[PDB]
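**Q** Data file start30.pdb (PDB, C-alpha atoms) is appended below.
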```pdb
ATOM      1  CA  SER S 117       3.743  12.239 -49.850
ATOM      2  CA  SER S 118       1.197  12.362 -52.673
ATOM      3  CA  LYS S 119      -2.393  13.615 -52.585
ATOM      4  CA  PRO S 120      -5.493  12.195 -54.324
ATOM      5  CA  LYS S 121      -7.278  13.631 -57.360
ATOM      6  CA  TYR S 122     -10.625  15.348 -56.797
ATOM      7  CA  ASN S 123     -12.872  16.841 -59.478
ATOM      8  CA  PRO S 124     -13.065  20.621 -60.047
ATOM      9  CA  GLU S 125     -16.693  20.566 -58.904
ATOM     10  CA  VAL S 126     -15.735  19.141 -55.509
ATOM     11  CA  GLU S 127     -13.036  21.573 -54.385
ATOM     12  CA  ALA S 128     -15.372  24.311 -55.617
ATOM     13  CA  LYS S 129     -17.602  23.611 -52.616
ATOM     14  CA  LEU S 130     -14.688  22.826 -50.300
ATOM     15  CA  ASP S 131     -13.261  26.305 -50.878
ATOM     16  CA  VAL S 132     -16.335  28.162 -49.625
ATOM     17  CA  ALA S 133     -16.296  25.822 -46.627
ATOM     18  CA  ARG S 134     -12.661  26.626 -45.849
ATOM     19  CA  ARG S 135     -13.306  30.334 -45.299
ATOM     20  CA  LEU S 136     -16.299  29.484 -43.111
ATOM     21  CA  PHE S 137     -14.025  27.393 -40.890
ATOM     22  CA  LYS S 138     -11.531  30.128 -40.011
ATOM     23  CA  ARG S 139     -14.421  32.600 -39.948
ATOM     24  CA  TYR S 140     -15.360  31.006 -36.624
ATOM     25  CA  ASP S 141     -11.972  29.646 -35.560
ATOM     26  CA  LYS S 142     -10.837  32.666 -33.546
ATOM     27  CA  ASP S 143      -8.632  30.654 -31.189
ATOM     28  CA  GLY S 144      -6.719  29.494 -34.251
ATOM     29  CA  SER S 145      -6.584  26.074 -32.606
ATOM     30  CA  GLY S 146      -7.640  24.454 -35.868
ATOM     31  CA  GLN S 147     -10.629  22.708 -34.311
ATOM     32  CA  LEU S 148     -14.289  23.704 -34.012
ATOM     33  CA  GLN S 149     -15.529  22.682 -30.565
ATOM     34  CA  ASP S 150     -19.188  22.004 -29.778
ATOM     35  CA  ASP S 151     -19.472  25.752 -29.196
ATOM     36  CA  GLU S 152     -17.747  26.960 -32.363
ATOM     37  CA  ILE S 153     -20.040  24.566 -34.226
ATOM     38  CA  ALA S 154     -23.129  26.025 -32.557
ATOM     39  CA  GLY S 155     -22.989  29.176 -34.660
ATOM     40  CA  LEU S 156     -21.233  27.459 -37.556
ATOM     41  CA  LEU S 157     -24.342  25.509 -38.558
ATOM     42  CA  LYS S 158     -26.279  28.783 -38.597
ATOM     43  CA  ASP S 159     -24.021  29.931 -41.436
ATOM     44  CA  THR S 160     -23.356  26.578 -43.104
ATOM     45  CA  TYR S 161     -27.133  26.260 -43.399
ATOM     46  CA  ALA S 162     -27.482  29.654 -45.079
ATOM     47  CA  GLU S 163     -25.472  28.209 -47.968
ATOM     48  CA  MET S 164     -28.694  26.470 -48.995
ATOM     49  CA  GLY S 165     -30.952  29.375 -48.078
ATOM     50  CA  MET S 166     -32.073  27.420 -45.023
ATOM     51  CA  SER S 167     -33.877  29.099 -42.124
ATOM     52  CA  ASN S 168     -30.596  28.846 -40.215
ATOM     53  CA  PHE S 169     -32.121  27.071 -37.217
ATOM     54  CA  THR S 170     -30.391  27.576 -33.867
ATOM     55  CA  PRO S 171     -29.548  24.134 -32.423
ATOM     56  CA  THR S 172     -28.150  23.401 -28.963
ATOM     57  CA  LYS S 173     -25.218  21.564 -27.384
ATOM     58  CA  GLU S 174     -27.216  18.385 -27.996
ATOM     59  CA  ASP S 175     -27.984  18.781 -31.701
ATOM     60  CA  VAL S 176     -24.414  19.948 -32.297
ATOM     61  CA  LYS S 177     -23.290  16.639 -30.797
ATOM     62  CA  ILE S 178     -25.176  14.543 -33.349
ATOM     63  CA  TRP S 179     -23.717  16.735 -36.092
ATOM     64  CA  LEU S 180     -20.164  16.471 -34.760
ATOM     65  CA  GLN S 181     -20.242  12.672 -34.936
ATOM     66  CA  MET S 182     -21.001  13.000 -38.648
ATOM     67  CA  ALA S 183     -18.067  15.237 -39.569
ATOM     68  CA  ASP S 184     -15.553  14.447 -36.827
ATOM     69  CA  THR S 185     -14.046  11.002 -37.401
ATOM     70  CA  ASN S 186     -12.803  10.693 -33.820
ATOM     71  CA  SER S 187     -15.902  12.302 -32.311
ATOM     72  CA  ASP S 188     -13.608  14.002 -29.798
ATOM     73  CA  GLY S 189     -15.659  17.190 -29.932
ATOM     74  CA  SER S 190     -13.363  18.682 -32.563
ATOM     75  CA  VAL S 191     -13.708  18.993 -36.338
ATOM     76  CA  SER S 192     -10.469  19.733 -38.186
ATOM     77  CA  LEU S 193     -10.330  21.436 -41.584
ATOM     78  CA  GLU S 194     -10.032  18.010 -43.208
ATOM     79  CA  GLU S 195     -12.721  16.557 -40.942
ATOM     80  CA  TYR S 196     -15.142  19.360 -41.810
ATOM     81  CA  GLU S 197     -14.709  19.457 -45.588
ATOM     82  CA  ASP S 198     -15.340  15.708 -45.717
ATOM     83  CA  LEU S 199     -18.786  16.326 -44.230
ATOM     84  CA  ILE S 200     -19.609  18.328 -47.357
ATOM     85  CA  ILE S 201     -18.154  15.624 -49.599
ATOM     86  CA  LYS S 202     -20.759  13.029 -48.630
ATOM     87  CA  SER S 203     -23.447  15.607 -49.404
ATOM     88  CA  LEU S 204     -21.778  16.734 -52.631
ATOM     89  CA  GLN S 205     -22.156  13.173 -53.913
ATOM     90  CA  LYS S 206     -25.950  13.341 -53.719
ATOM     91  CA  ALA S 207     -26.035  17.071 -54.463
ATOM     92  CA  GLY S 208     -24.891  16.244 -57.981
ATOM     93  CA  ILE S 209     -21.106  16.423 -57.774
ATOM     94  CA  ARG S 210     -18.822  13.650 -59.023
ATOM     95  CA  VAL S 211     -15.874  13.077 -56.689
ATOM     96  CA  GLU S 212     -13.029  10.560 -56.862
ATOM     97  CA  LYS S 213     -10.556   9.598 -54.136
ATOM     98  CA  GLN S 214      -7.484   7.356 -54.216
ATOM     99  CA  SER S 215      -8.878   4.026 -53.016
ATOM    100  CA  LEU S 216      -6.957   0.752 -53.258
ATOM    101  CA  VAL S 217      -8.006  -2.842 -52.584
ATOM    102  CA  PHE S 218      -7.626  -3.769 -48.915
TER     103      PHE S 218
END
```
With the file now loaded, output its structure as structure tokens.
**A**
Amino acid sequence: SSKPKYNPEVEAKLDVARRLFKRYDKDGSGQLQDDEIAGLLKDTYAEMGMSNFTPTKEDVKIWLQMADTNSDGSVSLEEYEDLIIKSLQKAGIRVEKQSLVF
């Protein structure tokens, strides 16, 4: 019903990641399979001026487990952005999410 409250510095990075998602999602399925992720990293890496290494079905697997919460070989829009959140924390971006006491 209600969504959390993230800082303006967080969404700022989540926006650029949103376009990159659909940029590869041609099937419009809303999930980046091990294949769709193969080339995705190549671009996602360019964001940091990286060499844009070309991994394989194996490497992509270890990367999928990080983003994907179900590790079902599919990273949803919400499952992908999160991957950048963990990095944004160390990158120098303050983020806050609605967390209550269990």
**Q** Give as a compact mmCIF listing (two decimals) with C-alpha atoms, keeping the file's coordinate frame each residue that has an atom at most 10 Å from (-19.4, 23.0, -34.1) in the file, counting all atoms listed in the file.
**A**
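Wrote selection-v1.txt, looks like this:
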```txt
# COMPACT_ATOMS: atom_id res chain seq x y z
CA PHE S 137 -14.02 27.39 -40.89
CA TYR S 140 -15.36 31.01 -36.62
CA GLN S 147 -10.63 22.71 -34.31
CA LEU S 148 -14.29 23.70 -34.01
CA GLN S 149 -15.53 22.68 -30.56
CA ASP S 150 -19.19 22.00 -29.78
CA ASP S 151 -19.47 25.75 -29.20
CA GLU S 152 -17.75 26.96 -32.36
CA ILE S 153 -20.04 24.57 -34.23
CA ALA S 154 -23.13 26.02 -32.56
CA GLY S 155 -22.99 29.18 -34.66
CA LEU S 156 -21.23 27.46 -37.56
CA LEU S 157 -24.34 25.51 -38.56
CA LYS S 173 -25.22 21.56 -27.38
CA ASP S 175 -27.98 18.78 -31.70
CA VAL S 176 -24.41 19.95 -32.30
CA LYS S 177 -23.29 16.64 -30.80
CA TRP S 179 -23.72 16.74 -36.09
CA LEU S 180 -20.16 16.47 -34.76
CA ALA S 183 -18.07 15.24 -39.57
CA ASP S 184 -15.55 14.45 -36.83
CA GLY S 189 -15.66 17.19 -29.93
CA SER S 190 -13.36 18.68 -32.56
CA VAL S 191 -13.71 18.99 -36.34
CA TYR S 196 -15.14 19.36 -41.81
```
**Q** Using only C-alpha atoms, what does the table of segment 119-164 of chain S residues within 6 Å of segment 207-216 of chain S look like, with each row giving the shortest atom pair and its distance in Å to one decimal, sorted by chain and ascending number, as a Markdown table?
**A**
```
| residue | atom | partner | partner_atom | distance |
| --- | --- | --- | --- | --- |
| S:120 | CA | S:214 | CA | 5.2 |
| S:122 | CA | S:212 | CA | 5.4 |
| S:123 | CA | S:211 | CA | 5.6 |
```
**Q** Name the residues captured by the PyMOL selection byres ((chain S and resi 127) around 12) when it is applied to the shown file; answer as a VMD selection string.
**A** chain S and resid 121 to 126 128 to 134 197 to 198 200 to 201 204 209 to 212
**Q** For the residues in the current selection, export C-alpha atoms as a tab-separated table (two decimals), in the frame of the given file.
**A**
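Final output, again_10.tsv:
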```
chain	number	residue	atom	x	y	z
S	121	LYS	CA	-7.28	13.63	-57.36
S	122	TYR	CA	-10.62	15.35	-56.80
S	123	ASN	CA	-12.87	16.84	-59.48
S	124	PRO	CA	-13.06	20.62	-60.05
S	125	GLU	CA	-16.69	20.57	-58.90
S	126	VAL	CA	-15.74	19.14	-55.51
S	128	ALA	CA	-15.37	24.31	-55.62
S	129	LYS	CA	-17.60	23.61	-52.62
S	130	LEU	CA	-14.69	22.83	-50.30
S	131	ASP	CA	-13.26	26.30	-50.88
S	132	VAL	CA	-16.34	28.16	-49.62
S	133	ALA	CA	-16.30	25.82	-46.63
S	134	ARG	CA	-12.66	26.63	-45.85
S	197	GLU	CA	-14.71	19.46	-45.59
S	198	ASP	CA	-15.34	15.71	-45.72
S	200	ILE	CA	-19.61	18.33	-47.36
S	201	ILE	CA	-18.15	15.62	-49.60
S	204	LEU	CA	-21.78	16.73	-52.63
S	209	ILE	CA	-21.11	16.42	-57.77
S	210	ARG	CA	-18.82	13.65	-59.02
S	211	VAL	CA	-15.87	13.08	-56.69
S	212	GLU	CA	-13.03	10.56	-56.86
```
**Q** Using 5 Å of padding on each side, determine the axis-aligned box around all atoms of segment 194-203 of chain S present in the file and give its centre and edge lengths in Å to one decimal, as AutoDock Vina command-line options.
**A**
```
--center_x -16.7 --center_y 16.2 --center_z -45.3 --size_x 23.4 --size_y 16.4 --size_z 18.7
```
**Q** So how many Å separate atom CA of residue 139 of chain S and atom CA of residue 158 of chain S, to one decimal?
**A** 12.5 Å
**Q** Could you work out how far atom CA of residue 167 of chain S lies from atom CA of residue 187 of chain S, giving the answer in Å with one decimal?
**A**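 We find that atom CA of residue 187 of chain S and atom CA of residue 167 of chain S lie 26.5 Å from each other.
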**Q** Select, from S:193, S:171, S:166, S:205, the residue with the minimum atom-to-atom distance to residue 136 of chain S, counting only C-alpha atoms.
**A** S:193
**Q** Can you work out which one of S:135, S:202, S:178, S:188 has the shortest atom-to-atom distance to residue 159 of chain S, counting all atoms listed in the file?
**A**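 Of S:135, S:202, S:178, S:188, the one nearest residue 159 of chain S, counting all atoms listed in the file, is S:135.
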**Q** Quick one: distance from atom CA of residue 119 of chain S to atom CA of residue 160 of chain S in Å, one decimal?
**A**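 A separation of 26.4 Å between them.
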